[PDB]
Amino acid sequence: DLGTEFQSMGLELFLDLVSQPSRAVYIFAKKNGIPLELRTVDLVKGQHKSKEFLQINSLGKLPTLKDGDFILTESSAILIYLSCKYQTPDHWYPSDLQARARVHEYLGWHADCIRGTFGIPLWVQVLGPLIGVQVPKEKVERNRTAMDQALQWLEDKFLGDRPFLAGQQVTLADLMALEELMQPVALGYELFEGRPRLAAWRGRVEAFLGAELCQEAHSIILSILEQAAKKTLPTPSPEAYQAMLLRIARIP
């Protein structure tokens, strides 16, 4: 038992930029100059279900942080953990009791109404057809309606007449939300059209993060539909296939 499933010199982030929470953690680290050894784990190929990866995260999900012997999953937990270990600027995760509660409030609602809803178009347009499975139209339509309702709440409850989702500055909440919303955008769902306040929010977040950073975070997802069309994606392993079938059958 040599622990050769090989460490980098420092902090390791196991990720795939096709994944929304992977992109959120990637961006946070890059923007703050947190030195991470990025380890690519190819979801479509099934490397997350490889013997090697399951030794690191038994759940076989991305992203995963490895800080020495300390292995941490869940983007929200990773983002917060990095923020306090690397003492990032307060605005991301405010200390103030109430401003922090607003971030935790968004992250909780996000997990219910954004996560698991906005990623469905990749399954419909790319990943299902990749393994010969079509998502029924009734479900696609239901998903479109749910996305619309969630965006409406995003504007009305969280953003309102304010600049960011949880107050006056960019927080972990804005990062999490943007990267989920990018998944359908990259597949040609024009989510920001007809929604000016959300559109301006997007520009505000991207302006803050920086074009070059956004560009390289989103590169892979912005190209995936065209790659699928030209049949250049990996063939899923049997383990990825199993997981894919389960995810597709979780679509309501």
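Quick note: we count residues from 1 along the sequence shown, nothing fancier.
**Q** Look up the CA B-factors in the entry and say which stretch, 191 to 199 or 62 to 70, has the higher mean.
**A** The stretch with the larger mean CA B-factor is 191 to 199.
**Q** Comparing 23 to 31 with 206 to 214, which stretch shows the greater average C-alpha B-factor in the deposited entry?
**A** Stretch with the greater average CA B-factor: 206 to 214.
**Q** Hey, out of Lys137, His104, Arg162, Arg144, whose CA B-factor is highest in the deposited coordinates?
**A** Highest CA B-factor of the listed options: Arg162.
**Q** Between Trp123, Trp109, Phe118, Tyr86, which carries the biggest CA temperature factor in the record?
**A** Among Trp123, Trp109, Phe118, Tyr86, the highest C-alpha B-factor in the entry belongs to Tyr86.
**Q** Divide the modelled residues of the chain into thirds by Cα B-factor and specify which third, lowest, middle or highest, holds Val170.
**A** Answer is highest: the recorded C-alpha B-factor places it there.
**Q** Can you tell me which third, lowest, middle or highest, the CA B-factor of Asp42 falls into for its chain?
**A** Its C-alpha B-factor, which the entry lists for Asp42, ranks in the lowest third among residues of this chain.
**Q** According to the PDB entry, is the CA B factor of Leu97 in the bottom, middle or top third of its chain, that is, lowest, middle or highest?
**A** For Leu97, whose C-alpha B-factor we compare with every modelled residue in the chain, the answer is the highest third.
**Q** Is the Cα B-factor recorded for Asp148 in the lowest, middle or highest third of its chain?
**A** According to the entry, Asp148 has a C-alpha B-factor in the chain's middle third.
**Q** Ranking the modelled residues of this chain by C-alpha B-factor as given in the entry, is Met244 in the lowest, middle or highest third?
**A** Ranked within chain, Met244 CA B lands in the lowest tercile.
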